[PDB]
Structures are given as structure tokens and as C-alpha cells.
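Data from protein32.cif: mmCIF, C-alpha atoms and all ligand atoms
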data_run
loop_
_atom_site.label_atom_id
_atom_site.label_comp_id
_atom_site.auth_asym_id
_atom_site.auth_seq_id
_atom_site.Cartn_x
_atom_site.Cartn_y
_atom_site.Cartn_z
CA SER Q 1 -135.90 217.73 -16.22
CA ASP Q 2 -137.92 220.89 -16.85
CA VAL Q 3 -135.46 221.68 -19.65
CA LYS Q 4 -136.51 218.62 -21.65
CA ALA Q 5 -140.10 219.89 -21.66
CA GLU Q 6 -139.04 223.39 -22.76
CA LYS Q 7 -137.85 222.18 -26.16
CA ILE Q 8 -141.12 220.28 -26.66
CA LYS Q 9 -143.09 223.48 -26.11
CA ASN Q 10 -140.89 225.08 -28.77
CA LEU Q 11 -141.46 222.13 -31.13
CA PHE Q 12 -145.19 222.84 -31.22
CA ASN Q 13 -144.41 226.57 -31.31
CA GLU Q 14 -142.01 226.34 -34.26
CA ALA Q 15 -144.79 224.47 -36.09
CA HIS Q 16 -147.09 227.50 -35.62
CA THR Q 17 -149.77 225.48 -33.82
CA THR Q 18 -150.98 224.42 -30.38
CA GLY Q 19 -150.61 220.78 -29.39
CA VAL Q 20 -149.89 218.30 -26.63
CA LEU Q 21 -147.98 215.02 -26.32
CA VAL Q 22 -149.06 212.45 -23.72
CA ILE Q 23 -146.55 209.81 -22.61
CA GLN Q 24 -147.46 206.80 -20.46
CA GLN Q 25 -144.92 204.55 -18.74
CA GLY Q 26 -146.41 201.92 -16.47
CA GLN Q 27 -149.52 203.51 -14.98
CA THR Q 28 -148.22 207.10 -14.94
CA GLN Q 29 -148.82 209.71 -17.64
CA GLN Q 30 -146.86 212.85 -18.54
CA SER Q 31 -147.92 215.66 -20.87
CA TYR Q 32 -145.73 217.91 -23.02
CA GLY Q 33 -146.27 220.70 -25.54
CA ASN Q 34 -147.51 224.28 -25.60
CA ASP Q 35 -151.22 223.64 -24.91
CA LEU Q 36 -151.14 221.16 -22.02
CA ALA Q 37 -154.90 221.59 -21.53
CA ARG Q 38 -155.37 219.56 -24.72
CA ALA Q 39 -154.32 216.42 -22.82
CA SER Q 40 -157.70 216.32 -21.03
CA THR Q 41 -159.81 217.63 -23.93
CA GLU Q 42 -162.03 215.44 -26.10
CA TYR Q 43 -161.60 215.35 -29.87
CA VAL Q 44 -162.95 213.14 -32.63
CA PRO Q 45 -160.72 210.05 -32.92
CA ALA Q 46 -160.63 210.28 -36.75
CA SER Q 47 -158.45 207.50 -38.25
CA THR Q 48 -157.09 206.54 -34.82
CA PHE Q 49 -160.42 204.77 -34.28
CA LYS Q 50 -159.22 202.24 -36.87
CA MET Q 51 -157.25 200.60 -34.07
CA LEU Q 52 -160.46 199.71 -32.25
CA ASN Q 53 -162.34 199.33 -35.54
CA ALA Q 54 -160.02 196.48 -36.54
CA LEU Q 55 -160.16 194.85 -33.10
CA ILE Q 56 -163.97 194.61 -33.16
CA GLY Q 57 -164.11 193.33 -36.73
CA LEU Q 58 -161.55 190.57 -36.16
CA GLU Q 59 -162.87 189.51 -32.75
CA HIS Q 60 -166.40 189.07 -34.11
CA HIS Q 61 -165.31 187.40 -37.39
CA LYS Q 62 -166.50 190.35 -39.47
CA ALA Q 63 -163.30 190.16 -41.54
CA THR Q 64 -159.97 188.34 -41.83
CA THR Q 65 -156.36 189.47 -42.14
CA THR Q 66 -155.96 187.95 -45.63
CA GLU Q 67 -159.27 189.28 -46.99
CA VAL Q 68 -158.72 191.62 -49.94
CA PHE Q 69 -160.97 194.68 -50.29
CA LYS Q 70 -161.00 195.37 -54.03
CA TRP Q 71 -160.90 198.98 -55.17
CA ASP Q 72 -164.06 199.96 -57.05
CA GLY Q 73 -162.06 202.16 -59.44
CA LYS Q 74 -163.61 205.47 -58.37
CA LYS Q 75 -161.21 208.33 -57.69
CA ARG Q 76 -160.15 208.74 -54.06
CA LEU Q 77 -158.83 211.65 -52.01
CA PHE Q 78 -155.36 210.06 -51.93
CA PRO Q 79 -153.57 207.90 -54.53
CA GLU Q 80 -152.59 205.39 -51.83
CA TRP Q 81 -156.33 204.71 -51.40
CA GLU Q 82 -156.76 203.60 -55.04
CA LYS Q 83 -155.83 199.94 -54.65
CA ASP Q 84 -157.10 196.61 -53.41
CA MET Q 85 -156.03 196.22 -49.79
CA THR Q 86 -156.29 193.86 -46.87
CA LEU Q 87 -157.40 195.24 -43.51
CA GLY Q 88 -153.71 195.62 -42.68
CA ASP Q 89 -152.88 197.44 -45.91
CA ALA Q 90 -155.84 199.77 -45.38
CA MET Q 91 -154.62 200.55 -41.85
CA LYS Q 92 -151.24 201.96 -42.87
CA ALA Q 93 -152.74 203.89 -45.80
CA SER Q 94 -155.66 204.99 -43.57
CA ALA Q 95 -158.23 203.94 -46.18
CA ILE Q 96 -161.50 205.26 -44.78
CA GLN Q 97 -163.53 203.34 -47.37
CA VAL Q 98 -162.29 199.91 -46.27
CA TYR Q 99 -163.02 200.56 -42.60
CA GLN Q 100 -166.37 202.13 -43.45
CA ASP Q 101 -167.17 198.82 -45.14
CA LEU Q 102 -166.02 196.96 -42.03
CA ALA Q 103 -168.07 199.28 -39.81
CA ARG Q 104 -171.12 198.48 -41.94
CA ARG Q 105 -170.41 194.76 -41.55
CA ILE Q 106 -170.21 195.20 -37.77
CA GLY Q 107 -173.38 197.28 -37.63
CA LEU Q 108 -174.50 199.99 -35.24
CA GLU Q 109 -175.72 197.41 -32.72
CA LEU Q 110 -172.39 195.61 -32.29
CA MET Q 111 -170.29 198.74 -32.89
CA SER Q 112 -171.95 200.74 -30.11
CA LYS Q 113 -171.87 197.80 -27.68
CA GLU Q 114 -168.19 197.02 -28.24
CA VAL Q 115 -167.16 200.68 -27.99
CA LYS Q 116 -168.96 200.97 -24.64
CA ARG Q 117 -167.57 197.63 -23.44
CA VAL Q 118 -164.01 198.82 -24.05
CA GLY Q 119 -164.70 202.33 -22.74
CA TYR Q 120 -163.35 204.21 -25.77
CA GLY Q 121 -163.64 207.96 -25.22
CA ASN Q 122 -167.17 209.11 -24.47
CA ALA Q 123 -168.41 205.82 -26.00
CA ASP Q 124 -171.09 207.67 -28.00
CA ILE Q 125 -171.17 206.56 -31.65
CA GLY Q 126 -174.56 208.04 -32.56
CA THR Q 127 -176.65 206.36 -35.24
CA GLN Q 128 -174.42 206.47 -38.36
CA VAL Q 129 -171.89 203.62 -38.22
CA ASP Q 130 -169.74 204.99 -41.08
CA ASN Q 131 -168.85 208.51 -39.86
CA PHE Q 132 -169.08 208.72 -36.04
CA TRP Q 133 -165.28 208.85 -35.68
CA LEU Q 134 -164.78 211.72 -38.15
CA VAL Q 135 -167.61 214.09 -37.17
CA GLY Q 136 -169.99 212.07 -35.01
CA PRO Q 137 -170.51 212.29 -31.26
CA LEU Q 138 -167.53 209.99 -30.60
CA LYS Q 139 -164.84 212.05 -28.88
CA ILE Q 140 -161.73 211.05 -26.95
CA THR Q 141 -158.98 212.84 -25.05
CA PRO Q 142 -155.28 212.30 -25.82
CA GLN Q 143 -154.89 210.81 -22.34
CA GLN Q 144 -157.47 208.12 -23.16
CA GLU Q 145 -155.74 207.53 -26.51
CA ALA Q 146 -152.37 206.88 -24.85
CA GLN Q 147 -154.01 204.67 -22.22
CA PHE Q 148 -155.68 202.68 -25.01
CA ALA Q 149 -152.38 202.27 -26.87
CA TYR Q 150 -150.56 201.11 -23.73
CA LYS Q 151 -153.18 198.43 -23.09
CA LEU Q 152 -153.14 197.23 -26.70
CA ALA Q 153 -149.34 197.14 -26.60
CA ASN Q 154 -149.42 194.80 -23.60
CA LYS Q 155 -152.42 192.91 -25.07
CA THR Q 156 -154.55 193.76 -22.02
CA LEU Q 157 -157.54 195.04 -23.99
CA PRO Q 158 -160.84 193.10 -23.56
CA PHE Q 159 -160.25 191.23 -26.82
CA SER Q 160 -158.76 187.83 -27.61
CA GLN Q 161 -154.98 187.51 -27.61
CA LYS Q 162 -155.05 186.47 -31.27
CA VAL Q 163 -157.00 189.53 -32.45
CA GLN Q 164 -154.88 191.95 -30.42
CA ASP Q 165 -151.71 190.43 -31.89
CA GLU Q 166 -153.10 190.81 -35.43
CA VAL Q 167 -154.05 194.48 -35.03
CA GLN Q 168 -150.61 195.08 -33.49
CA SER Q 169 -148.96 193.91 -36.71
CA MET Q 170 -151.10 196.33 -38.73
CA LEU Q 171 -149.69 199.28 -36.75
CA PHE Q 172 -146.00 198.34 -36.95
CA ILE Q 173 -143.99 201.15 -38.54
CA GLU Q 174 -140.25 200.66 -38.10
CA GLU Q 175 -137.43 199.69 -35.74
CA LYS Q 176 -135.24 202.75 -35.13
CA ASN Q 177 -132.04 201.92 -33.21
CA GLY Q 178 -133.49 198.74 -31.72
CA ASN Q 179 -136.83 200.33 -30.75
CA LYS Q 180 -139.87 198.90 -32.53
CA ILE Q 181 -142.39 201.67 -33.24
CA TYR Q 182 -146.14 201.18 -33.63
CA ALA Q 183 -148.42 204.12 -34.41
CA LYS Q 184 -151.66 205.16 -36.09
CA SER Q 185 -151.97 208.68 -37.50
CA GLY Q 186 -155.22 210.63 -37.58
CA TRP Q 187 -156.58 213.78 -39.16
CA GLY Q 188 -160.12 215.03 -38.65
CA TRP Q 189 -160.60 217.98 -40.99
CA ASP Q 190 -164.42 217.90 -40.90
CA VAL Q 191 -164.40 219.35 -37.35
CA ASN Q 192 -163.56 222.97 -36.55
CA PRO Q 193 -160.91 223.45 -35.48
CA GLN Q 194 -159.26 220.52 -37.26
CA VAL Q 195 -157.37 218.01 -35.10
CA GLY Q 196 -154.20 216.05 -35.83
CA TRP Q 197 -153.41 212.72 -34.19
CA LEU Q 198 -150.43 210.43 -33.80
CA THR Q 199 -151.13 207.63 -31.32
CA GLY Q 200 -148.97 204.57 -30.72
CA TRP Q 201 -146.23 203.09 -28.56
CA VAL Q 202 -142.54 202.19 -28.54
CA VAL Q 203 -141.09 198.79 -27.63
CA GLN Q 204 -137.61 199.52 -26.32
CA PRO Q 205 -134.82 196.92 -26.74
CA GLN Q 206 -135.34 195.44 -23.27
CA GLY Q 207 -139.07 195.08 -23.98
CA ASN Q 208 -140.29 198.14 -22.08
CA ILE Q 209 -143.34 199.72 -23.72
CA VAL Q 210 -143.81 203.50 -23.89
CA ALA Q 211 -147.21 204.59 -25.20
CA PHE Q 212 -147.84 208.04 -26.63
CA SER Q 213 -150.49 210.17 -28.32
CA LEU Q 214 -149.65 213.39 -30.16
CA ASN Q 215 -152.59 215.78 -30.53
CA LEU Q 216 -152.33 219.13 -32.31
CA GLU Q 217 -154.61 221.52 -34.19
CA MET Q 218 -154.38 220.79 -37.92
CA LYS Q 219 -154.12 224.37 -39.16
CA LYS Q 220 -154.90 225.27 -42.76
CA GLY Q 221 -151.96 224.48 -45.02
CA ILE Q 222 -149.99 222.79 -42.23
CA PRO Q 223 -148.02 219.79 -43.56
CA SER Q 224 -149.25 216.36 -42.53
CA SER Q 225 -145.63 215.41 -41.76
CA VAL Q 226 -145.59 217.72 -38.71
CA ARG Q 227 -147.41 215.08 -36.64
CA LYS Q 228 -144.75 212.43 -37.28
CA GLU Q 229 -141.90 214.95 -37.05
CA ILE Q 230 -142.86 216.40 -33.65
CA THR Q 231 -143.51 212.91 -32.27
CA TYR Q 232 -140.20 211.38 -33.39
CA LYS Q 233 -138.25 214.49 -32.35
CA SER Q 234 -139.92 214.55 -28.93
CA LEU Q 235 -139.26 210.89 -28.08
CA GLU Q 236 -135.61 211.42 -29.04
CA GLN Q 237 -135.39 214.46 -26.76
CA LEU Q 238 -137.12 212.44 -24.01
CA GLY Q 239 -134.42 209.76 -24.12
CA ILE Q 240 -137.02 207.21 -25.26
CA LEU Q 241 -135.39 207.04 -28.71
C1 LIG Q 301 -158.08 209.73 -40.75
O1 LIG Q 301 -157.47 210.48 -40.02
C2 LIG Q 301 -158.42 210.18 -42.17
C3 LIG Q 301 -157.22 209.87 -43.06
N1 LIG Q 301 -156.08 209.46 -42.26
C4 LIG Q 301 -155.00 210.19 -42.53
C5 LIG Q 301 -153.73 210.13 -41.81
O2 LIG Q 301 -153.48 210.97 -40.97
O3 LIG Q 301 -152.84 209.17 -42.07
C6 LIG Q 301 -155.24 211.03 -43.51
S1 LIG Q 301 -154.04 211.93 -44.25
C7 LIG Q 301 -153.38 211.07 -45.65
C8 LIG Q 301 -153.88 209.64 -45.74
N2 LIG Q 301 -152.80 208.87 -46.36
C9 LIG Q 301 -151.52 209.56 -46.08
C10 LIG Q 301 -150.73 208.79 -45.03
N3 LIG Q 301 -150.78 207.34 -45.30
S2 LIG Q 301 -149.78 206.94 -46.50
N4 LIG Q 301 -148.63 208.05 -46.66
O4 LIG Q 301 -150.52 206.82 -47.72
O5 LIG Q 301 -149.18 205.67 -46.19
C11 LIG Q 301 -151.87 210.95 -45.55
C12 LIG Q 301 -156.69 211.06 -43.86
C13 LIG Q 301 -157.29 212.39 -43.41
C14 LIG Q 301 -159.71 209.52 -42.64
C15 LIG Q 301 -160.26 210.17 -43.90
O6 LIG Q 301 -159.48 208.13 -42.89
#
Go ahead and render the structure in this file as C-alpha cells.
Amino acid sequence: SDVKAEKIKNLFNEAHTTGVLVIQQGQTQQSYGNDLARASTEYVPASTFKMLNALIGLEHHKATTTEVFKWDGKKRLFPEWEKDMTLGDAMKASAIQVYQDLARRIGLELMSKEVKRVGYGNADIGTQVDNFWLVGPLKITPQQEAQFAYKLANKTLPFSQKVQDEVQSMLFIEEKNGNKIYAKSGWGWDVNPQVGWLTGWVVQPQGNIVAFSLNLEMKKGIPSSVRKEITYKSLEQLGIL
């Protein structure tokens, strides 16, 4: 009961940061962590926007799942970004360059319309189609991120069933003890204070879907693993894993 949520508050505390974890089962949401006010606070989606970025591109034939985005050879911030990748490969590695290319294919006209049509966050993408999710006006609360993941998990987003099933496969991580796990990590360092994301959902053995969105403040020098660690540890303590 209230004891399960006391360890979660310590999990964010032992990481020396303030964060929240939103869990949605059915149409009900529950928040955990040390800064519960974060659940209703808007932050830049960062790489979590790639979920919707891929849905728009595939639905409007801007790209395909087998298309290969060749690396130009210029040095990148991460070594995993220095390779030719399909849209799916770029999703796991969080290759900003590939989805900036896709965003330029979609264009500000279609990008802004589709974001508003789905109702993603504040639905304000500004005028630059290649950076609105990292620093731009686009902001979203962790509650809206978990609600988005739950709808994508059940394929109830306003996109074709084919496209939703393709983006789902891009986000598949692992199957831990019979539970299939889908998630998309995010890290917006170009906003102060920095924000850390981990949005996804769990497909339990009987098919039940449990969506989640971890949101914490990416402090200076904090390890990027903390997002995945707190999320996995929390779901285990919540009986979901
Ligand atoms: C989006 O948030 C941002 C990307 N995305 C991420 C992220 O949180 O995954 C990072 S951090 C870095 C990227 N690649 C590593 C994880 N993928 S991996 N291990 O290679 O499979 C960690 C970075 C800030 C924007 C720039 O896309």
C-alpha cells in the first residue's frame, strides 16, 4: 500500500535527484517518487517525441521500415550514432540526426498538424521542425506521456493499425520473466534544468498492458543508467514485474 510508494520516494532520493513515475492501468493513473508535482508539469519531450515522430512519418509515407539512413561519416556525440540505420535502428540508439531528417521530410506544415491532431502535449512545435522537441515550445507532462504510451500499446492512437504496429516493434526492449517491455528513453540537456525521460509500457503474460513514464531532473554528472534503473526497480516493487 503506502509502503510500496515509500521505497519509490527513496529510489529517487538515493539517486540524489527529484523525479516522478506515472503508472496507468486501464483509465486510472498513479504517481510515485519524491517530487509528485512533476507528474502534472510540462517538459520538453526530447527523444521520447521519436515515438510520435515515427508514427507521422510512416503514416504519411515519408519513410519506410527497411529504408537505410546512411551515416555521412562526420563525428557524432555517441559512437552508436556513427552507423547507417533504419528508422527502427535509429529509434533504439536515439539517433537525433535520422529523425531530424525525417522531420524535415514531414515538414512544419504536416508536423504541426499531426501533433495537434493527436493532442501531444501543448501541441506547439514552433517554426523549426528539427529542434522543437529538444528546446522548442513543445512541452508535455509525464501524465500525458503515459497516456500516450497506453494508447499506442493498445493501438488506439489516431494512426493506421499497420503504422502503430511498426512503431511498436521499434520500441521493443526485452521480455523479463514473461513480461514484454517497450520503452523510449529521453534526455533533454539543452533545457535548464535538464530533464530525464523513460516512457513505455509493459505487456504482462496474460496480455494486460501497464504504461509508464519516468521523469526526473538530469543533474550534472548523473549517470544515464539511473532512468532505466529506477524504472525497472520500481515496476518490480510495484508487483508489475
Ligand atoms: C534524446 O533524448 C536525445 C538522445 N537520446 C538519449 C537517450 O536517452 O537514449 C540520449 S543519451 C545516449 C544516446 N544513446 C545512448 C542510449 N542508446 S544506446 N545505448 O546507444 O543504445 C545514451 C541522447 C541525449 C537526443 C539528442 O536524441
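The space separating atom CA of residue 216 of chain Q from atom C10 of ligand LIG 301 (chain Q) comes to 16.5 Å.
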**Asked** Neighbours of segment 41-49 of chain Q within 8 Å (all atoms listed in the file; same-chain residues fewer than 2 positions away dropped), as number ranges by chain?
**Response** Q: 37-39, 51-53, 94, 96, 121, 133-142, 184-188, 191, 195, 197-199
Once you add 6 Å to each side, what are the centre and edge lengths of the axis-aligned box holding all listed atoms of ligand LIG 301 (chain Q)? One decimal in Å, as JSON, if you can.
{"center_x": -154.4, "center_y": 209.0, "center_z": -43.9, "size_x": 23.6, "size_y": 18.7, "size_z": 19.7}
**Fill in**
Using all atoms listed in the file, the residue out of Q:85, Q:151, Q:203, Q:50 with shortest distance to residue 132 of chain Q is Q:50
**Request:** Identify which of the residues Q:196, Q:158, Q:205, Q:239 lies closest to ligand LIG 301 (chain Q), counting only C-alpha atoms and all ligand atoms when measuring atom-to-atom distances.
**Result:**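 Between Q:196, Q:158, Q:205, Q:239, the residue approaching ligand LIG 301 (chain Q) most closely is Q:196.
Of the listed residues (Q:168, Q:99, Q:80, Q:143), Q:99 comes nearest to residue 63 of chain Q; the distances count all atoms listed in the file.
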**Asked** Out of Q:208, Q:18, Q:97, Q:179, which residue has the shortest atom-to-atom distance to ligand LIG 301 (chain Q) when counting all atoms listed in the file?
**Response** Q:97
**Asked** What lies within 10 Å of residue 109 of chain Q using only C-alpha atoms, ignoring chain neighbours under 3 positions off, as a list in words?
**Response**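 Skipping anything fewer than 3 positions along the chain leaves residues 106, 112, 113, 114, 127 and 129 of chain Q.
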**Complete:** A straight line from atom CA of residue 19 of chain Q to atom CA of residue 201 of chain Q spans 18.2 Å
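With distances taken over all atoms listed in the file, Q:145 is the one residue among Q:6, Q:82, Q:145, Q:67 lying closest to residue 215 of chain Q.
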**Message:** Taking only C-alpha atoms into account, name the residue in Q:218, Q:152, Q:108, Q:209 that is nearest to residue 26 of chain Q.
**Reply:**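 Checking each of Q:218, Q:152, Q:108, Q:209 against residue 26 of chain Q, counting only C-alpha atoms, the winner is Q:209.
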**Fill in**
Separating atom CA of residue 23 of chain Q from atom CA of residue 93 of chain Q, to the nearest tenth of an Å, is a gap of 24.7 Å
**Item:** Exercise: residue 226 of chain Q partners within 10 Å, all atoms listed in the file, chain neighbours under 2 positions left out, as JSON, numbers by chain
**Value:** {"Q": [11, 12, 15, 196, 216, 218, 222, 223, 224, 228, 229, 230, 231, 232]}
